[PDB]
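Engineer: Here's a structure for you.
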Amino acid sequence: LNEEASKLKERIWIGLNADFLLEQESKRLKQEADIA
Amino acid sequence: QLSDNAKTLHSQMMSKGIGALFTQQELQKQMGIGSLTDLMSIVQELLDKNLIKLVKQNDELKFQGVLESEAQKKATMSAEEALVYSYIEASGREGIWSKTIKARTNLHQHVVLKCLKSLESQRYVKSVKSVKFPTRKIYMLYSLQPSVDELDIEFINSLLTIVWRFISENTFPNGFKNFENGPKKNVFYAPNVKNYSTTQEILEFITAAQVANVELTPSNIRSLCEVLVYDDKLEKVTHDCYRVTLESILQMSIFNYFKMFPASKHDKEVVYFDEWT
């Protein structure tokens, strides 16, 4: 598919999954916290 | 007034707060203008609206203004974490174990472990294992880790046998253990003239590092010395003066344990120790 339907489909995916990925990267920050 | 006396009675808190020692007597000392139920009904809401806080110690009850991020934070906290959490920040630099905090809150193990998991998610608390027995996981804030502890685990023997080397240097010249008598030869001139030790010097010597650690106090330096006293690797003379026990002859009729090997196979003629217990 075109790059637009990725910037739109994928966009919707991101608006949905930004909390999922958000918890991923957030615990990935806990990694830094884990150190200390 | 709720906002006025809240923000000016927090102006003493953000200004000073009479340190942590502020009691209700210190309130009257600075602001006595408020009537009893006036200054009291507002302060109670200053815990309800989380501006100042109460501390239970010694005489009367201490107070100081809580910060805003900690205010909102403990407002987010549960009814458990109300007393649990804000009691753990009251558990101070040393933290607290669990059922002793249960004994304070009079609750089960389950109900406290769950708020331990929630504050675990907060990451404002942490599992803390100090020198004392590791069944604890005493919990203090997860912002500070003060405690009593070198460390309880090994590689002191390493740095020991390291300092023992220079200690061997401290007395006469180097080993000279090549042949039997290759010592100082009447100890240079009159070992009586030699009154020597390091103590503090070791730290100037410790400057070498080549190891993962910080420095260490001459007191605990003396502690390191005390084992090789007891292990008899060195000698303690006139306090901070010290000697070597010529241990080296160990490191390399006879009564030395080293330089002695048993037959210790087959034949029944041996000397065990417990041939009679």
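Lettering and numbering for the structure tokens are positional, with chains as A, B, ... in the shown order, residues counted from 1 in each chain, and ligands counted from 1 in the shown order.
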Select all residues from chain A having any atom no more than 9 Å from an atom of chain B (counting only C-alpha atoms, ignoring ligands), output as a PDB file with N, CA and C atoms, in the first residue's frame.

Structural biologist:
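Output contents, as saved in result.pdb:
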```pdb
ATOM      1  N   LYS A  30      12.235   2.134  33.817  1.00  0.00           N
ATOM      2  CA  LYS A  30      12.489   1.453  35.080  1.00  0.00           C
ATOM      3  C   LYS A  30      13.818   0.714  35.060  1.00  0.00           C
ATOM      4  N   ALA A  33      15.988   3.027  36.386  1.00  0.00           N
ATOM      5  CA  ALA A  33      15.649   3.140  37.797  1.00  0.00           C
ATOM      6  C   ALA A  33      16.146   1.896  38.519  1.00  0.00           C
ATOM      7  N   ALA A  36      19.545   2.230  39.855  1.00  0.00           N
ATOM      8  CA  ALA A  36      19.576   2.988  41.097  1.00  0.00           C
ATOM      9  C   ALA A  36      18.374   2.640  41.967  1.00  0.00           C
TER      10      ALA A  36
END
```

Engineer: Could you pull out the strand (DSSP E) residues of segment 94-155 of chain B, going by DSSP on the backbone, and write them as a PyMOL selection string?

Structural biologist: chain B and resi 125-128+138-141

Engineer: Write out as a PyMOL selection string the set of residues from segment 26-168 of chain B that DSSP, computed on the backbone, places in alpha helix (DSSP H).

Structural biologist: chain B and resi 26-30+36-48+68-76+79-88+98-105+109-122+156-168

Engineer: Rounded to one decimal in Å, what is the spacing between atom CA of residue 24 of chain B and atom CA of residue 101 of chain B?

Structural biologist: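 Taking atom CA of residue 24 of chain B as the start and atom CA of residue 101 of chain B as the end point, the length is 26.8 Å.
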
Engineer: Could you list, as a list in words, every residue within 12 Å of residue 186 of chain B, counting only C-alpha atoms and ignoring same-chain residues fewer than 5 positions away?

Structural biologist: residues 172, 173, 181, 191, 192 and 193 of chain B

Engineer: May I have the residues within 12 Å of residue 140 of chain B as a count of residues only, using only C-alpha atoms and disregarding those fewer than 3 positions away in the same chain?

Structural biologist: 34

Engineer: So which one's closest to residue 114 of chain B, B:21, B:167, B:78, B:243? Using only C-alpha atoms, please.

Structural biologist: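 Between B:21, B:167, B:78, B:243, the residue approaching residue 114 of chain B most closely is B:78.
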
Engineer: Given the choices B:248, B:239, B:133, B:54, which gets closest to residue 178 of chain B if the distance is worked out from only C-alpha atoms?

Structural biologist: B:248

Engineer: Please report the interatomic distance between atom CA of residue 22 of chain B and atom CA of residue 80 of chain B in Å with one decimal.

Structural biologist: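 Calculated distance between atom CA of residue 22 of chain B and atom CA of residue 80 of chain B is 26.3 Å.
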
Engineer: Please indicate the distance in Å from atom CA of residue 113 of chain B to atom CA of residue 27 of chain A, rounded to one decimal place.

Structural biologist: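 So the answer is 20.9 Å.
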